[PDB]
Amino acid sequence: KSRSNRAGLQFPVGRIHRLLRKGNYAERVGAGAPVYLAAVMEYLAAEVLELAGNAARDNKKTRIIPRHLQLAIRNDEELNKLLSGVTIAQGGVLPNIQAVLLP
Amino acid sequence: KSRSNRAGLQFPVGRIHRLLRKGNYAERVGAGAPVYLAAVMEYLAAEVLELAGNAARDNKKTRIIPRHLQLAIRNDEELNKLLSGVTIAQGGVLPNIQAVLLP
Amino acid sequence: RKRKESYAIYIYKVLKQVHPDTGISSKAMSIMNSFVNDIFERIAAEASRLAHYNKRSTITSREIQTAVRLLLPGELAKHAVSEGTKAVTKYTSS
Amino acid sequence: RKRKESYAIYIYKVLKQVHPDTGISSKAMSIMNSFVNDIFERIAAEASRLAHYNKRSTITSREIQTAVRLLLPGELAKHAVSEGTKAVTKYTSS
Amino acid sequence: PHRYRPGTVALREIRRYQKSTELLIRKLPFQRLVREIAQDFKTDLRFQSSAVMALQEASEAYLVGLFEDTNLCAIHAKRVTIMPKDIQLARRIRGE
Amino acid sequence: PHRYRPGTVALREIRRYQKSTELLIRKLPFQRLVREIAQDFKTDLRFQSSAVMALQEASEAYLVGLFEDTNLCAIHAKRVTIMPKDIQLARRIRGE
Amino acid sequence: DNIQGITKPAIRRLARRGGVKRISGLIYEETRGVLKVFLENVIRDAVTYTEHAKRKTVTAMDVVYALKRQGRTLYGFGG
Amino acid sequence: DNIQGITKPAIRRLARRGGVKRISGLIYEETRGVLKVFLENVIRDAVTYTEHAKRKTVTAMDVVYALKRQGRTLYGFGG
DNA sequence: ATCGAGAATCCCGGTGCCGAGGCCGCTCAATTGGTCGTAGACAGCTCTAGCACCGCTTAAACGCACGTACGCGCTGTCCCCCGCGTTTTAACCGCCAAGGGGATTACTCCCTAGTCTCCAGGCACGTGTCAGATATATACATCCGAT
DNA sequence: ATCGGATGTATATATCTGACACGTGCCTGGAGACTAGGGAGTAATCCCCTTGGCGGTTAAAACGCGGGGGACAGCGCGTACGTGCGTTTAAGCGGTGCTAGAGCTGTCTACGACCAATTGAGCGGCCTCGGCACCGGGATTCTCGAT
């Protein structure tokens, strides 16, 4: 009987509960805290990968190549604020020509 | 016999060697590390307060009011890069009128 | 040998709940690896700095919950707060 | 009561080595208090993140020295590296 | 009679407000602003009076830190007058 | 004969370089740049070949992230051409 | 109510500190609209600290803790 | 030597990704002068990690550690 | 500037090759079950100190006339950069070693952690009087409109 | 340009008064020893992988030229905004008042650390088959001189 499937997640809880112990974030961690943190990590990775497939579907591919994460991250107002600093390796950029440069 | 005056500093070393132990930066700290860190904290505070007096001297005061730290920090290229993000409470700003706004 | 530590085969088993007829490439298994290690080592380094401000040496769930209303901007904080709370109330009752 | 923790009377005893005919005001004892707590809690939180990158649980002086060449830009890194090194070699010989 | 020219009093209230240290917005019509914003996230707060003079030292350190990088977007267009083209350019280059 | 107008090929190599993903600067005349900068801080280095294609994905993510906020300082001056007034304005507003 | 508390000349004398010469007649509304965005990204992150430690009083340390998080560290109150 | 390795059209086709229409004839030198500033604020902070762990080989993790420190976090190599 | 001309671009449909999907096998890390100390939950009681409120007052917001100076619009002016060609340079791909240095295990002993126990440095609570801001007349610095 | 009457700002002068600096006293946090273990240094070794060199092959940089559309400076002018006086406003300040909540202590008990054995979930290596890249000819998309 695992510990994640006691709470029904997919991210591991035993693997996190060594990293709040051997990174020295603090000395003592609660028993619910590596459960509660494996949920918020899930809900964000289940948020990008929902949006990752729609760029994979709109562009008619099957796998999610790194270009498709760039459209998925940078075309949502709620999540670009979370990642306004970071970049992505070989991500490309959005199609965005200015208004006045048109013929 | 203290520990700072074994090495001849002015910042305390016993007071730092609890803060590399009870902030959980890591678990084990060396015996020389709270000495070496009380030097670099001294050399910066002995760098601003050298420059703080010159603004106090050029403006003919005796105490160092918080205005004088603003001139001391922001008129040195080597130290403004260290503090390019931070501000100062009631610090004011430099006298800087642009070129084209003159009559 | 190099034994490992990755979140490869967990993220791959969240992709198979939202688009179960797609797949993921190799380098996106490297991006999504480094994406959740960002969100882990930004939230856990915030409740650490939050328990230190009140002179307290326990990272409970109540300090993670306050450290999610300060990193997720809006419309994710209104969900992921009420997402772990479901995931903790399905844990003490088992 | 509130017992305290400040760096008031140490910074005041560095001002009396560089301008021994001046004094310091009240709020500058609050700025310089919060200035050295910045430089302390930025350097110590860097050698912490540096010892973690090499799988090592000791903050020696060699990790503080590498974490001063990355926070002080230039012409302070060429001094404060060779300022603590004088202050450690005056410590093992006593 | 006597009357200056437009371009004179501006150059004697830049050189006066770049030497003083005190507040520029008021105290009590800013304290009424902070409470009215904070009656939304949690009702019935109670601020310490060293924390309403802490915001007032930060937002003044945010607008002064904005016009100094707004006016470089006005002089760049060969003009000496800021305008809401310039504010909106100052925040779409810096992080919005 | 046949010849386009100036203003056409620009609008068909923006719409082509905003869809591809690959590198834009070269590989080997950038690898020779990184080693010549690094023969100053410590002599005789040896780079991993996943770390010369790591800088090359970062500096391209720094210049593309610069022209997109440089060109807003050109259109703001009622012109469509960047110029070193515009680069130097893009870095004195953002942290230099 | 109080967004018109910060009047016309108090926005004016802020901008004179920034080194501007002639303010247009439209910045006096735009500044009010870009300041109230800034206070809703501080007080929203300063109640959350005060709500955390079970206090009904937003002290001065929590504001400095809020301004520290978004790269606008403030000296002269504690740290 | 190699600052003229990044030629004229390779600076040109970078800027076409940024959405510019007509580059002047002076950006081709100014970009070389503002890129070599950026590599001397990364490689200077990437040798220092490699010199720290007693290695003579700047690996890919240390560069990502260098770019992380100054707010330009890079994905897709480790973290 | 509407129709035509043509260069380029969006899908058709076959080809094929090589990296994701997938069990298989090994093995270090999680889960189970007691024990221990102890941090935090809870309560209680002092007491700072923040909110309401007056009331006299005086700097400051608010409104209105107004002349001038910059905003924005136009027009010609002219070259600097786009574009298409023809050429030269060299990046790239593949080949093919020789060894530097990364990665790991292997023994060990110095270094910090922890417990112990007294003190002396640092802070709280007084307080004396020193720099500073005060005012006030006067003088030095800078314009603005007539000469 | 140069002179003139403001107009302001800067230089020097008594007088407080509320604010730093320093004496006076404690008490809890550092210091000095003493020990045990466990990390990190140090020694030493397979092989991964970078460095380097070269041939061939071609995509791409380089240089050169015609012209056309924009950057840049100027005339102009219409309205937008500053300067100033006077006129309502409400900031501020001292001052007394009310109790709400920060701020701190003891009093028990539940909570995670720690260890220790036990076994699966996780990964390393391992072929292998569907998804992605082409590779040529249809079909369109779309700017550009003209009758």
# chains A, B, ... in the order shown; residues from 1 in each chain; ligands from 1
>>> interface_residues(of="chain G", to="chain J", cutoff="10 Å", atoms="only C-alpha atoms (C1' of nucleotides)", output="number ranges by chain")
G: 22-25, 55-57
>>> write_last_selection(atoms="C-alpha atoms", output="short mmCIF file (atom, residue, chain, number, x, y, z; two decimals), in the first residue's frame")
data_model
loop_
_atom_site.label_atom_id
_atom_site.label_comp_id
_atom_site.auth_asym_id
_atom_site.auth_seq_id
_atom_site.Cartn_x
_atom_site.Cartn_y
_atom_site.Cartn_z
CA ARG G 22 5.52 69.57 -18.97
CA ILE G 23 2.98 66.94 -17.95
CA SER G 24 0.05 66.46 -20.30
CA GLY G 25 -3.53 66.66 -19.13
CA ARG G 55 -3.16 38.48 13.46
CA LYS G 56 -5.75 41.10 12.62
CA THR G 57 -3.08 43.81 12.39
#
>>> select_by_dssp(residues="chain D", states="helix (DSSP H, G or I)", output="MDAnalysis selection string")
chainID D and resid 8:15 28:51 61:66 77:89
>>> write_last_selection(atoms="N, CA and C atoms", output="compact mmCIF listing (two decimals), in the first residue's frame")
# COMPACT_ATOMS: atom_id res chain seq x y z
N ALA D 8 23.15 47.02 15.81
CA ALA D 8 23.27 48.45 16.07
C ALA D 8 24.69 48.81 16.49
N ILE D 9 25.15 48.26 17.61
CA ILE D 9 26.36 48.77 18.24
C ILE D 9 27.62 48.16 17.65
N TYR D 10 27.49 47.41 16.57
CA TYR D 10 28.67 46.99 15.83
C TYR D 10 28.97 47.92 14.68
N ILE D 11 27.94 48.29 13.91
CA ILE D 11 28.10 49.24 12.82
C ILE D 11 28.52 50.60 13.36
N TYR D 12 28.01 50.95 14.54
CA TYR D 12 28.45 52.17 15.20
C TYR D 12 29.91 52.10 15.61
N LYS D 13 30.46 50.90 15.80
CA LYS D 13 31.88 50.75 16.06
C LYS D 13 32.66 50.36 14.83
N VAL D 14 32.08 50.55 13.65
CA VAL D 14 32.85 50.66 12.42
C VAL D 14 32.84 52.09 11.89
N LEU D 15 31.79 52.85 12.20
CA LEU D 15 31.78 54.28 11.92
C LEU D 15 32.86 55.01 12.70
N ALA D 28 19.25 56.03 10.17
CA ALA D 28 20.36 55.37 9.51
C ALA D 28 20.85 54.16 10.29
N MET D 29 20.60 54.11 11.60
CA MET D 29 20.82 52.87 12.34
C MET D 29 19.76 51.84 12.02
N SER D 30 18.65 52.25 11.41
CA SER D 30 17.68 51.29 10.93
C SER D 30 17.94 50.88 9.49
N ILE D 31 18.49 51.78 8.67
CA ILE D 31 18.82 51.41 7.30
C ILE D 31 20.01 50.46 7.29
N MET D 32 21.09 50.84 7.97
CA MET D 32 22.28 50.01 8.02
C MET D 32 22.04 48.70 8.75
N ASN D 33 21.06 48.65 9.65
CA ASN D 33 20.60 47.37 10.18
C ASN D 33 20.03 46.52 9.07
N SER D 34 19.13 47.07 8.28
CA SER D 34 18.52 46.28 7.23
C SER D 34 19.41 46.15 6.01
N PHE D 35 20.55 46.84 5.97
CA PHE D 35 21.44 46.65 4.84
C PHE D 35 22.33 45.44 5.03
N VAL D 36 22.89 45.27 6.23
CA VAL D 36 23.74 44.11 6.43
C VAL D 36 22.93 42.84 6.59
N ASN D 37 21.66 42.93 6.99
CA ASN D 37 20.83 41.74 6.95
C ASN D 37 20.45 41.36 5.54
N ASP D 38 20.51 42.29 4.60
CA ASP D 38 20.37 41.90 3.20
C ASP D 38 21.60 41.14 2.73
N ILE D 39 22.79 41.71 2.97
CA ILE D 39 24.02 41.12 2.46
C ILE D 39 24.32 39.80 3.16
N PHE D 40 23.90 39.67 4.41
CA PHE D 40 24.03 38.38 5.07
C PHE D 40 23.08 37.36 4.46
N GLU D 41 21.80 37.70 4.36
CA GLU D 41 20.82 36.75 3.86
C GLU D 41 20.72 36.75 2.35
N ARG D 42 21.72 37.26 1.65
CA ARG D 42 21.89 36.98 0.24
C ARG D 42 23.11 36.13 -0.03
N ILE D 43 24.18 36.31 0.73
CA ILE D 43 25.38 35.51 0.54
C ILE D 43 25.20 34.13 1.15
N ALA D 44 24.66 34.07 2.37
CA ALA D 44 24.48 32.78 3.02
C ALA D 44 23.44 31.93 2.32
N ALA D 45 22.49 32.55 1.63
CA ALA D 45 21.55 31.81 0.82
C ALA D 45 22.08 31.51 -0.57
N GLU D 46 23.33 31.86 -0.86
CA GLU D 46 23.95 31.50 -2.12
C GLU D 46 24.92 30.35 -1.97
N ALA D 47 25.75 30.37 -0.92
CA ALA D 47 26.62 29.22 -0.67
C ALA D 47 25.81 28.01 -0.23
N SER D 48 24.63 28.24 0.34
CA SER D 48 23.70 27.15 0.57
C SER D 48 23.26 26.52 -0.73
N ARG D 49 22.90 27.34 -1.71
CA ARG D 49 22.49 26.82 -3.01
C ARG D 49 23.68 26.33 -3.82
N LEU D 50 24.90 26.69 -3.41
CA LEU D 50 26.09 26.20 -4.08
C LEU D 50 26.56 24.86 -3.53
N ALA D 51 26.44 24.65 -2.22
CA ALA D 51 26.79 23.35 -1.67
C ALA D 51 25.77 22.30 -2.04
N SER D 61 34.57 27.74 4.37
CA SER D 61 34.90 29.05 3.87
C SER D 61 35.10 29.04 2.37
N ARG D 62 35.38 27.88 1.79
CA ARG D 62 35.61 27.84 0.35
C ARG D 62 34.31 28.01 -0.42
N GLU D 63 33.17 27.67 0.18
CA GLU D 63 31.91 27.98 -0.49
C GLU D 63 31.46 29.42 -0.26
N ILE D 64 31.90 30.07 0.82
CA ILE D 64 31.57 31.48 0.95
C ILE D 64 32.41 32.29 -0.03
N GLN D 65 33.66 31.88 -0.26
CA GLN D 65 34.54 32.61 -1.16
C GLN D 65 34.05 32.56 -2.59
N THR D 66 33.53 31.41 -3.03
CA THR D 66 32.95 31.34 -4.36
C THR D 66 31.63 32.11 -4.41
N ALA D 77 34.87 42.49 -5.56
CA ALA D 77 35.28 41.10 -5.54
C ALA D 77 36.80 40.98 -5.56
N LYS D 78 37.49 41.94 -6.15
CA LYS D 78 38.95 41.94 -6.13
C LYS D 78 39.52 42.40 -4.81
N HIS D 79 38.68 42.81 -3.87
CA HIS D 79 39.13 43.18 -2.53
C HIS D 79 38.57 42.25 -1.47
N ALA D 80 37.25 42.05 -1.44
CA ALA D 80 36.63 41.32 -0.34
C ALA D 80 36.96 39.84 -0.36
N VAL D 81 37.40 39.29 -1.49
CA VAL D 81 38.00 37.97 -1.48
C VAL D 81 39.32 37.99 -0.72
N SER D 82 40.18 38.96 -1.04
CA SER D 82 41.44 39.11 -0.34
C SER D 82 41.32 39.95 0.92
N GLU D 83 40.11 40.08 1.46
CA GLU D 83 39.89 40.67 2.78
C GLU D 83 39.52 39.64 3.83
N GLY D 84 38.65 38.69 3.50
CA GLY D 84 38.39 37.60 4.41
C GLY D 84 39.56 36.64 4.52
N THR D 85 40.35 36.51 3.45
CA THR D 85 41.48 35.59 3.47
C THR D 85 42.55 36.05 4.44
N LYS D 86 42.70 37.36 4.59
CA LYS D 86 43.49 37.89 5.69
C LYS D 86 42.83 37.61 7.03
N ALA D 87 41.50 37.64 7.08
CA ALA D 87 40.78 37.46 8.33
C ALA D 87 40.63 36.01 8.74
N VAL D 88 40.91 35.05 7.86
CA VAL D 88 40.95 33.65 8.26
C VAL D 88 42.37 33.23 8.62
N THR D 89 43.37 33.73 7.90
CA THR D 89 44.75 33.45 8.27
C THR D 89 45.18 34.17 9.54
>>> interface_residues(of="chain F", to="chain J", cutoff="12 Å", atoms="only C-alpha atoms (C1' of nucleotides)", output="list in words")
residues 1, 2, 3, 4, 5, 6, 7, 8, 9, 11, 12, 26, 44, 45, 46, 47, 48, 49, 50, 74, 77, 78, 79, 80, 81, 82 and 83 of chain F
>>> calpha_fit_and_write(fixed="chain A", moving="chain B", output="PDB file with C-alpha atoms, in the first residue's frame")
ATOM      1  CA  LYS B   1       0.000   0.000   0.000  1.00  0.00           C
ATOM      2  CA  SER B   2       1.665   3.197  -1.231  1.00  0.00           C
ATOM      3  CA  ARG B   3       1.235   6.680   0.202  1.00  0.00           C
ATOM      4  CA  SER B   4       0.213   8.559  -2.948  1.00  0.00           C
ATOM      5  CA  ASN B   5      -2.677   6.193  -3.670  1.00  0.00           C
ATOM      6  CA  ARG B   6      -3.883   6.708  -0.122  1.00  0.00           C
ATOM      7  CA  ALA B   7      -4.621  10.244  -1.332  1.00  0.00           C
ATOM      8  CA  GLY B   8      -5.111   9.383  -4.990  1.00  0.00           C
ATOM      9  CA  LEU B   9      -2.505  11.524  -6.723  1.00  0.00           C
ATOM     10  CA  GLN B  10      -0.003  10.679  -9.451  1.00  0.00           C
ATOM     11  CA  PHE B  11       3.111  12.520  -8.335  1.00  0.00           C
ATOM     12  CA  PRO B  12       5.045  10.543  -5.705  1.00  0.00           C
ATOM     13  CA  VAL B  13       4.830  11.486  -2.064  1.00  0.00           C
ATOM     14  CA  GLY B  14       7.693   9.399  -0.707  1.00  0.00           C
ATOM     15  CA  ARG B  15      10.049  11.007  -3.202  1.00  0.00           C
ATOM     16  CA  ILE B  16       9.032  14.504  -2.140  1.00  0.00           C
ATOM     17  CA  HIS B  17       9.212  13.747   1.582  1.00  0.00           C
ATOM     18  CA  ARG B  18      12.953  13.243   1.331  1.00  0.00           C
ATOM     19  CA  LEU B  19      13.368  16.547  -0.504  1.00  0.00           C
ATOM     20  CA  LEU B  20      11.732  18.553   2.237  1.00  0.00           C
ATOM     21  CA  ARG B  21      14.168  16.801   4.549  1.00  0.00           C
ATOM     22  CA  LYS B  22      17.440  16.692   2.627  1.00  0.00           C
ATOM     23  CA  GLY B  23      17.454  20.119   1.054  1.00  0.00           C
ATOM     24  CA  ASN B  24      17.227  21.822   4.439  1.00  0.00           C
ATOM     25  CA  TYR B  25      14.180  23.941   3.766  1.00  0.00           C
ATOM     26  CA  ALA B  26      13.369  23.540   7.406  1.00  0.00           C
ATOM     27  CA  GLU B  27      14.167  20.818   9.884  1.00  0.00           C
ATOM     28  CA  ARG B  28      10.697  19.428  10.600  1.00  0.00           C
ATOM     29  CA  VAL B  29       8.008  18.911   7.968  1.00  0.00           C
ATOM     30  CA  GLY B  30       4.446  17.901   8.635  1.00  0.00           C
ATOM     31  CA  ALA B  31       2.964  14.630   7.520  1.00  0.00           C
ATOM     32  CA  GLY B  32       0.427  16.350   5.279  1.00  0.00           C
ATOM     33  CA  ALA B  33       2.848  18.772   3.649  1.00  0.00           C
ATOM     34  CA  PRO B  34       4.454  16.387   1.108  1.00  0.00           C
ATOM     35  CA  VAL B  35       0.917  15.337   0.190  1.00  0.00           C
ATOM     36  CA  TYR B  36      -0.366  18.883  -0.224  1.00  0.00           C
ATOM     37  CA  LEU B  37       2.659  19.798  -2.310  1.00  0.00           C
ATOM     38  CA  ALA B  38       2.309  16.848  -4.653  1.00  0.00           C
ATOM     39  CA  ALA B  39      -1.170  18.148  -5.489  1.00  0.00           C
ATOM     40  CA  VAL B  40      -0.178  21.693  -6.466  1.00  0.00           C
ATOM     41  CA  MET B  41       2.649  20.288  -8.580  1.00  0.00           C
ATOM     42  CA  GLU B  42       0.096  18.007 -10.235  1.00  0.00           C
ATOM     43  CA  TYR B  43      -2.480  20.735 -10.855  1.00  0.00           C
ATOM     44  CA  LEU B  44       0.045  22.874 -12.710  1.00  0.00           C
ATOM     45  CA  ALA B  45       1.488  20.014 -14.752  1.00  0.00           C
ATOM     46  CA  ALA B  46      -2.071  18.934 -15.514  1.00  0.00           C
ATOM     47  CA  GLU B  47      -2.711  22.530 -16.594  1.00  0.00           C
ATOM     48  CA  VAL B  48       0.120  22.922 -19.086  1.00  0.00           C
ATOM     49  CA  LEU B  49      -0.337  19.447 -20.536  1.00  0.00           C
ATOM     50  CA  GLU B  50      -4.020  20.113 -21.086  1.00  0.00           C
ATOM     51  CA  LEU B  51      -3.010  23.217 -23.045  1.00  0.00           C
ATOM     52  CA  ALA B  52      -0.074  21.420 -24.653  1.00  0.00           C
ATOM     53  CA  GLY B  53      -2.338  18.996 -26.479  1.00  0.00           C
ATOM     54  CA  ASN B  54      -4.501  21.744 -27.959  1.00  0.00           C
ATOM     55  CA  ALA B  55      -1.496  23.226 -29.725  1.00  0.00           C
ATOM     56  CA  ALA B  56      -0.635  19.677 -30.792  1.00  0.00           C
ATOM     57  CA  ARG B  57      -4.191  19.268 -32.063  1.00  0.00           C
ATOM     58  CA  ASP B  58      -4.485  22.626 -33.802  1.00  0.00           C
ATOM     59  CA  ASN B  59      -1.198  22.029 -35.635  1.00  0.00           C
ATOM     60  CA  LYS B  60      -1.976  18.346 -36.432  1.00  0.00           C
ATOM     61  CA  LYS B  61       0.800  16.399 -34.759  1.00  0.00           C
ATOM     62  CA  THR B  62       0.831  13.536 -32.276  1.00  0.00           C
ATOM     63  CA  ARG B  63       3.822  13.984 -29.988  1.00  0.00           C
ATOM     64  CA  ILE B  64       4.384  17.198 -28.059  1.00  0.00           C
ATOM     65  CA  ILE B  65       7.637  18.645 -29.435  1.00  0.00           C
ATOM     66  CA  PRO B  66       9.133  21.643 -27.518  1.00  0.00           C
ATOM     67  CA  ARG B  67       7.544  24.168 -29.893  1.00  0.00           C
ATOM     68  CA  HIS B  68       4.095  23.184 -28.644  1.00  0.00           C
ATOM     69  CA  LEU B  69       4.905  24.062 -25.046  1.00  0.00           C
ATOM     70  CA  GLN B  70       5.785  27.598 -26.118  1.00  0.00           C
ATOM     71  CA  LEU B  71       2.327  28.222 -27.577  1.00  0.00           C
ATOM     72  CA  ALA B  72       0.778  26.503 -24.581  1.00  0.00           C
ATOM     73  CA  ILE B  73       2.577  28.602 -21.987  1.00  0.00           C
ATOM     74  CA  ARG B  74       2.592  31.989 -23.687  1.00  0.00           C
ATOM     75  CA  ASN B  75      -1.065  31.988 -24.803  1.00  0.00           C
ATOM     76  CA  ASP B  76      -2.679  32.006 -21.398  1.00  0.00           C
ATOM     77  CA  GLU B  77      -2.872  35.106 -19.222  1.00  0.00           C
ATOM     78  CA  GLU B  78      -3.164  33.119 -15.999  1.00  0.00           C
ATOM     79  CA  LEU B  79       0.037  31.159 -16.538  1.00  0.00           C
ATOM     80  CA  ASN B  80       2.333  33.540 -18.416  1.00  0.00           C
ATOM     81  CA  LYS B  81       2.524  35.652 -15.244  1.00  0.00           C
ATOM     82  CA  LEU B  82       3.882  32.566 -13.499  1.00  0.00           C
ATOM     83  CA  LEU B  83       6.555  32.224 -16.189  1.00  0.00           C
ATOM     84  CA  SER B  84       7.207  35.799 -17.277  1.00  0.00           C
ATOM     85  CA  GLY B  85      10.930  35.408 -16.646  1.00  0.00           C
ATOM     86  CA  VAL B  86      11.740  31.935 -17.884  1.00  0.00           C
ATOM     87  CA  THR B  87      12.455  30.845 -21.450  1.00  0.00           C
ATOM     88  CA  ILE B  88      12.275  27.470 -23.211  1.00  0.00           C
ATOM     89  CA  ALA B  89      15.041  25.707 -25.131  1.00  0.00           C
ATOM     90  CA  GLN B  90      14.332  25.823 -28.904  1.00  0.00           C
ATOM     91  CA  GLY B  91      10.881  27.147 -28.130  1.00  0.00           C
ATOM     92  CA  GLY B  92      10.572  29.679 -30.897  1.00  0.00           C
ATOM     93  CA  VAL B  93       8.268  32.649 -30.378  1.00  0.00           C
ATOM     94  CA  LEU B  94       4.686  33.657 -31.147  1.00  0.00           C
ATOM     95  CA  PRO B  95       3.556  34.890 -34.543  1.00  0.00           C
ATOM     96  CA  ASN B  96       3.303  38.608 -33.769  1.00  0.00           C
ATOM     97  CA  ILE B  97       3.830  41.258 -36.439  1.00  0.00           C
ATOM     98  CA  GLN B  98       3.092  44.805 -35.289  1.00  0.00           C
ATOM     99  CA  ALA B  99       0.188  46.826 -36.635  1.00  0.00           C
ATOM    100  CA  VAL B 100       2.028  49.601 -38.483  1.00  0.00           C
ATOM    101  CA  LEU B 101       4.448  47.333 -40.356  1.00  0.00           C
ATOM    102  CA  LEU B 102       1.687  45.977 -42.599  1.00  0.00           C
ATOM    103  CA  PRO B 103       1.570  47.181 -46.235  1.00  0.00           C
TER     104      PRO B 103
END
>>> residues_around(residues="region 60-67 of chain J", least_positions_apart="3", cutoff="8 Å", atoms="only C-alpha atoms (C1' of nucleotides)", output="NGL selection string")
(:H and (7 or 9)) or (:I and (88-89))
>>> write_last_selection(atoms="N, CA and C atoms (P, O5', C5', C4', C3', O3' and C1' of nucleotides)", output="PDB file, in the first residue's frame")
ATOM      1  N   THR H   7      28.001  37.063 -38.250  1.00  0.00           N
ATOM      2  CA  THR H   7      28.114  37.922 -39.419  1.00  0.00           C
ATOM      3  C   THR H   7      26.944  38.893 -39.514  1.00  0.00           C
ATOM      4  N   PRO H   9      24.271  38.727 -41.917  1.00  0.00           N
ATOM      5  CA  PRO H   9      22.928  38.158 -42.072  1.00  0.00           C
ATOM      6  C   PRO H   9      22.477  37.315 -40.899  1.00  0.00           C
TER       7      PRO H   9
ATOM      8  P    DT I  88      34.975  33.969 -57.683  1.00  0.00           P
ATOM      9  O5'  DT I  88      34.913  33.933 -56.093  1.00  0.00           O
ATOM     10  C5'  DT I  88      35.311  35.064 -55.361  1.00  0.00           C
ATOM     11  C4'  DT I  88      35.134  34.826 -53.882  1.00  0.00           C
ATOM     12  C3'  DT I  88      36.131  33.843 -53.266  1.00  0.00           C
ATOM     13  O3'  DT I  88      36.676  34.403 -52.078  1.00  0.00           O
ATOM     14  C1'  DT I  88      33.924  33.238 -52.711  1.00  0.00           C
ATOM     15  P    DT I  89      37.677  33.570 -51.134  1.00  0.00           P
ATOM     16  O5'  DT I  89      36.718  32.993 -49.991  1.00  0.00           O
ATOM     17  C5'  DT I  89      35.687  33.822 -49.451  1.00  0.00           C
ATOM     18  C4'  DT I  89      35.122  33.267 -48.149  1.00  0.00           C
ATOM     19  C3'  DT I  89      36.082  32.469 -47.285  1.00  0.00           C
ATOM     20  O3'  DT I  89      35.846  32.777 -45.929  1.00  0.00           O
ATOM     21  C1'  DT I  89      34.273  31.081 -48.017  1.00  0.00           C
TER      22       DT I  89
END
>>> select_by_dssp(residues="chain D", states="strand (DSSP E)", output="MDAnalysis selection string")
chainID D and resid 23:24 58:59
>>> write_last_selection(atoms="N, CA and C atoms", output="mmCIF file, in the first residue's frame")
data_model
loop_
_atom_site.group_PDB
_atom_site.id
_atom_site.type_symbol
_atom_site.label_atom_id
_atom_site.label_comp_id
_atom_site.auth_asym_id
_atom_site.auth_seq_id
_atom_site.Cartn_x
_atom_site.Cartn_y
_atom_site.Cartn_z
ATOM 1 N N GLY D 23 28.871 61.222 13.610
ATOM 2 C CA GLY D 23 27.933 60.378 14.314
ATOM 3 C C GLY D 23 26.894 59.895 13.330
ATOM 4 N N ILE D 24 25.958 59.086 13.819
ATOM 5 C CA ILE D 24 24.939 58.494 12.965
ATOM 6 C C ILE D 24 23.578 58.810 13.564
ATOM 7 N N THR D 58 28.338 20.760 3.856
ATOM 8 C CA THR D 58 29.156 21.635 4.685
ATOM 9 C C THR D 58 29.330 22.987 4.016
ATOM 10 N N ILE D 59 29.006 24.051 4.747
ATOM 11 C CA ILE D 59 29.328 25.410 4.323
ATOM 12 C C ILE D 59 30.697 25.711 4.918
#
>>> residues_around(residues="residue 133 (chain I)", least_positions_apart="6", cutoff="12 Å", atoms="only C-alpha atoms (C1' of nucleotides)", output="ChimeraX atom specification")
/J:15-19
>>> write_last_selection(atoms="N, CA, C and O atoms (P, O5', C5', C4', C3', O3' and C1' of nucleotides)", output="compact mmCIF listing (two decimals), in the first residue's frame")
# COMPACT_ATOMS: atom_id res chain seq x y z
P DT J 15 19.24 85.45 22.47
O5' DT J 15 18.45 84.07 22.40
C5' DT J 15 17.35 83.93 21.52
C4' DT J 15 16.80 82.52 21.57
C3' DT J 15 17.13 81.75 22.84
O3' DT J 15 16.06 81.89 23.84
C1' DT J 15 17.23 80.38 20.85
P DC J 16 14.70 81.00 23.83
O5' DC J 16 15.12 79.61 24.50
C5' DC J 16 14.17 78.59 24.70
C4' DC J 16 14.01 77.72 23.46
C3' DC J 16 13.59 76.28 23.74
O3' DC J 16 12.33 76.05 23.16
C1' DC J 16 15.32 76.41 22.10
P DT J 17 11.23 75.20 23.96
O5' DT J 17 10.78 74.09 22.91
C5' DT J 17 11.60 73.81 21.79
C4' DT J 17 12.05 72.36 21.80
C3' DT J 17 11.78 71.61 23.11
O3' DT J 17 11.40 70.29 22.82
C1' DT J 17 13.99 71.36 22.52
P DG J 18 9.86 69.85 22.81
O5' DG J 18 9.87 68.52 21.92
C5' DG J 18 10.23 68.60 20.54
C4' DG J 18 11.52 67.84 20.25
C3' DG J 18 11.51 66.34 20.55
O3' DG J 18 12.10 65.64 19.46
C1' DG J 18 13.39 67.33 21.50
P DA J 19 11.83 64.07 19.24
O5' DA J 19 13.29 63.50 18.92
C5' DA J 19 14.03 64.06 17.86
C4' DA J 19 15.51 63.86 18.08
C3' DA J 19 15.95 62.42 18.29
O3' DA J 19 17.08 62.19 17.53
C1' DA J 19 16.77 63.76 20.03
